[PDB]
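Chains, contacts and geometry: an overview
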Amino acid sequence: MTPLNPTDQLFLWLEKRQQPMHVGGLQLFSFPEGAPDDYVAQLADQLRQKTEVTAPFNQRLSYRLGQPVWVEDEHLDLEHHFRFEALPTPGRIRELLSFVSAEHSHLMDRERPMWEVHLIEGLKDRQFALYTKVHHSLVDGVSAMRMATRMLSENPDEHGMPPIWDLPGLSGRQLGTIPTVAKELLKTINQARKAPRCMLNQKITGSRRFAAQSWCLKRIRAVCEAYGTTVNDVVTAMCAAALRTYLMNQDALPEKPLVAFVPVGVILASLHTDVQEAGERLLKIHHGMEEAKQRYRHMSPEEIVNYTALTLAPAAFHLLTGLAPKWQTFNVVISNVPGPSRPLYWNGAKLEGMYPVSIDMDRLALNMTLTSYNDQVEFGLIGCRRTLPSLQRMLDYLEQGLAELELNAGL
Amino acid sequence: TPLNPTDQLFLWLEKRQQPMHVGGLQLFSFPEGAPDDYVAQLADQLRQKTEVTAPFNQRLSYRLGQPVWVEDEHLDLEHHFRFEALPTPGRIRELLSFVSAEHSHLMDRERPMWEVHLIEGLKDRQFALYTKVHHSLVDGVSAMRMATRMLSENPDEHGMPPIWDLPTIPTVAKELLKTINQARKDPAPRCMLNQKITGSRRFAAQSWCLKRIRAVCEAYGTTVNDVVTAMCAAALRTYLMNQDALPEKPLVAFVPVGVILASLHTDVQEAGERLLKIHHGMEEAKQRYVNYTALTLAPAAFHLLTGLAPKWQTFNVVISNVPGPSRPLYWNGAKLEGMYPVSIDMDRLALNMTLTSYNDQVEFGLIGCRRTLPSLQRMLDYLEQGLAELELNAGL
Ligand SMILES: [Cl-]
Ligand SMILES: [Cl-]
Ligand SMILES: [Cl-]
Ligand SMILES: [Cl-]
Ligand SMILES: [Cl-]
Ligand SMILES: [Cl-]
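Structure determination for this PDB entry was carried out by X-ray crystallography, with a resolution of 2.428 Å recorded in the header.

Take the overall build of chain A next. Assigned secondary structure in chain A consists of 11 helices and 14 strands. For chain A, with 411 residues in total, the buried portion stands at 56%. Separation of charge centres in chain A, based on 42 positive and 46 negative side chains, amounts to 9 Å.

Residue and element names in this part refer to chain A. The buried fraction of strand β13 (residues 366-373) amounts to 8 of the 8 residues, a majority that puts the element mostly inside the structure. Burial of the side chains of β13 extends over both faces: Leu366, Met368, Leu370 and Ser372 are buried on one face and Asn367, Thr369, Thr371 and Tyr373 on the other. With 4 bridges connecting them, strand β10 (residues 332-336) and β13 associate as parallel partners. Paired with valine 333 across the strands is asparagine 367, a residue of β13. Two strands pair when backbone bridges link them, and β13 and strand β14 (residues 376-384) are joined in this way by 8 bridges, in the antiparallel orientation. Its bridge partner lying in β14, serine 372 is registered against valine 377. In this antiparallel pair of consecutive strands, β13 and β14, the connection spans 2 residues, and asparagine 374 shows a positive phi of 50°.

Bringing the packing of aromatic side chains into the picture now. Under the counting rule described, the total for this entry stands at 22 aromatic pairs over all chains. Where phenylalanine 57 of chain A meets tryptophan 115 of chain A, the ring centres are 5.5 Å apart and the plane angle is 85°; that geometry is what we call edge-to-face. Of this pair, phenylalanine 57 of chain A sits in the loop between α2 (39-49) and β2 (59-64) while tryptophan 115 of chain A sits in strand β5 (residues 115-121), and the two are 58 residues apart along the sequence. Comparing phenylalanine 57 of chain A with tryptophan 115 of chain A shows no difference in burial state: the two are buried. Taking 5.4 Å as the distance between ring centres and 25° as the angle between the ring planes, the aromatic pair formed by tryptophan 114 of chain B and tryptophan 164 of chain B counts as stacked. With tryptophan 114 of chain B in strand β5 (residues 114-120) and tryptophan 164 of chain B in the loop between α5 (140-149) and α6 (169-181), this pair connects stretches of sequence that are 50 residues apart. A residue is classified by how much of its surface remains accessible, and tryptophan 164 of chain B, at 1% relative accessible area, is buried. Connected via pairs of aromatic rings, a cluster forms that spans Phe29, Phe31, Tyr39, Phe128 and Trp346 of chain A. The ring centre of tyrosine 296 of chain A lies 4.4 Å from the NZ or CZ of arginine 295 of chain A, which sits over that ring.

Let us look at the side chain of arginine 82 of chain B. For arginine 82 of chain B, the location among the structural elements is in strand β4 (residues 81-85). Within the structure, the side chain of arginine 82 of chain B is placed 3.4 Å from the side chain of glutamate 115 of chain B, a separation counted as a polar contact.

What follows covers the nonpolar core. Core analysis: the largest hydrophobic core is formed by 58 residues, its most contacted members being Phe28, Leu118, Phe127, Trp164 and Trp331 of chain B. When residues in this core are grouped by element, the largest group, 5 residues, is from helix α2 (residues 38-46) of chain B. Counting 51 residues, the second largest nonpolar core, distinct from the first, contains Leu200, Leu258, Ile267 and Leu366 of chain A.

As a further point, take the interface of chain B and chain A. Between chain B and chain A, the contact holds 27 residues from the first and 25 residues from the second. Carbon and sulfur atoms supply 48% of the area buried between chain B and chain A, which totals about 2,100 Å² over both sides. At the junction of chain B and chain A, the tally comes to 5 salt bridges. Residue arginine 385 of chain A pairs with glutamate 78 of chain B through a salt bridge whose shortest N-O separation is 3.5 Å. Across the contact surface, chain B and chain A share 8 residue pairs in polar contact. Secondary-structure elements contributing two or more residues to the side of chain B that touches chain A are α3 (77-80), β4 and α4 (92-102) of chain B. Tallying contributions element by element places β4 of chain B first for the side of chain B that touches chain A, with 4 residues. Taken together, the residues of the side of chain B that touches chain A sort by class into 9 nonpolar, 6 polar and 12 charged.

Cut-offs used in this document
Residues numbered from 1 in each chain as written, not as in the entry; some residues may be left out. Chains lettered and ligands numbered in written order. Heavy atoms only, no water. Helix = DSSP H or I, 4+ residues; strand = E, 2+ residues; numbered from the N terminus. Buried < 20%, exposed > 50% of the residue type's maximum accessible area, 1.4 Å probe, protein only. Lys, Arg positive; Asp, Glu negative; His and termini not counted. Charge placed at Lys NZ, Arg CZ, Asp CG, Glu CD. Pairing = 2+ DSSP bridges. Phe/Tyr/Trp six-rings, centres within 6.5 Å; stacked < 30°, edge-to-face > 60°. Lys NZ or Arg CZ within 6 Å of the ring centre and 35° of its normal. Polar contact = N/O pair within 3.5 Å; in protein donor to acceptor, adjacent residues only side chain to side chain. Core = buried A, V, L, I, M, F, W, Y, C linked by side-chain atoms within 4.5 Å. Contact = heavy atoms within 4.5 Å. Buried area = accessible area lost by both parts, 1.4 Å probe. Salt bridge = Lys/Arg side-chain N within 4 Å of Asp/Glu carboxyl O. Nonpolar A, V, L, I, M, F, W, Y, C, P; charged D, E, K, R; others polar.

Written out as structure tokens, the structure is:
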């Protein structure tokens, strides 16, 4: 049936036990007003009933002799894909994040459609959670977190809404062994005529630590006006500050500043983690990204795509092989994919916060992913638990980075 | 320390479809007069017992090419020890679903391949311990022995530590063929159990009283192991029939004793007939009894490994029966109510039946591929039904 376009084949290919290639999202809701004490157990019961499943959630991987294809899954077992779980006492945010860190570590089964929805009960003050896991071969990261929003509605009076499973690389080619495709990368790089070493950039384990948090938008806009910067600048500065504090605290802050892979096009933006004052760092970040985007002003899509693909080929060789440290090119991904501008509800349950859960790799231990929802900006930090001890502390380091800017300007 | 060669095999057999870790489901009761926050209190005290004795502090490394254990320096006890809870209504059914999910997840080779999951939210003042350890680090009999050796017969003993702290395929398959051809000089039906599997698991467990089983023994003049086997035979027969997939010929069980291949007589229609032919079969079969055994199984290893030899399947299911403690056991005052093994499925061995005994009861642990064995939990009913048919037929 439907074949596997070459980018989907790639996420299957570089998947291994230490780098699962699934994305995820963590949605936090409040009990709908006037809900029985046992509202989540009631909810799980009727979701188990809902057995109709539509594309892409009924697709499953199969091979036609040698080539991977999707196929319509005749016998899908909804109690494999849908799960009702509970947090251990005391059921607060620290426990919710431990649950997602454990669950996000686990490889998905390739013999079934590669999605899971986890309904979590046991949260303290009349909240519940949805943790959704989908393989990148089946759904990329943004349309995943668009489906999770499209699954909701603006009207809190409305009920009977469905669940998510029932809804209305340029010069690459083939499967190969790693030396084979790595050598095609050298050839590509060499006939193209011819970022510091960091603790974030080493081989990783398959265990994850997830840290998420919300920050109020107008709090951040206040910092924008004071410094004459954009929202994107401040949030990138919050990441630069947090990363700086974290690596100092580990005595592992490099002398050269960190560099971030930043979609906007693709910017290789310096984070300036060698700068000490916060206002200085924000503005060097602001102009540094302003100027890096302008190198795209006089370029057509064909150009950007080719410039993008040629610039990153050495980084791809290093990620795949670990044999070219000087080619690391960026120390972390900081992704920002904007979300819905107004409050949302699932059958009268208010979405209180939506947090993406992204992919770590060998030599990218940390992936910072960002989104916005109405009042707030949402930070999702996913990291290898071994190479990044105490990763949850980066939430306080982000918050301290924003408060330092606020003090410096007296807001 | 380098891995002994059988430890190397379990790392080599492992794939996403067949993780090679074993597990144990221990069921406990609250110690007498313990508070309602007992497990949360227990959880927080186990986070502190931070010293880890071998093998639980070993981790896999390689010297140039060959695999070796090394002591793990930086052990993260928050990774290996987890504290988790059952969703509503906290039944044993929720508990078996929790184990089914955890047991499907590959272990991380970058850390000591063990895990202990303390489970709260059981309905009536009980907690559970789901322990998972990789076979290449600790095999199934040592895991269960260690798991009971962690307990004591004294309900007043306290300060008792947790388990972690106490005193290529073508090439190999072609070598299998050569070993078969230089051994065949010697002067099991197709079945739904025996297809390729997924890595998703379903675990079903249940206890039965040994007095109930002994009554059936005396009535028919069979042993305990015969009747326990007849329960398995009866259970498999019902399950396959309801699936419209009971083959003509009888299933054969691989049964460790040495190793005997016992007909389960799943074509026989009557409970007593099936019980007795199983009893005479296993009698005869061991009345014939490391070289005959490990050579008569090389063809089965070939099919399991390659799927290229279906008439060599040799057995449809493993039924292992390890004995266990005679007297009631305790952990810092918490009474062990039950101890259930969680074994390993493989390609063309979608179901594994592992048995143990504790105090007055025999424990059945069924672990199967969730897709190959839809509604695996019905087996526990068909097990019970197998014993009732025997009771009913003898008028007990
Ligand atoms: Cl896993
Ligand atoms: Cl995965
Ligand atoms: Cl899956
Ligand atoms: Cl973890
Ligand atoms: Cl592990
Ligand atoms: Cl499963």
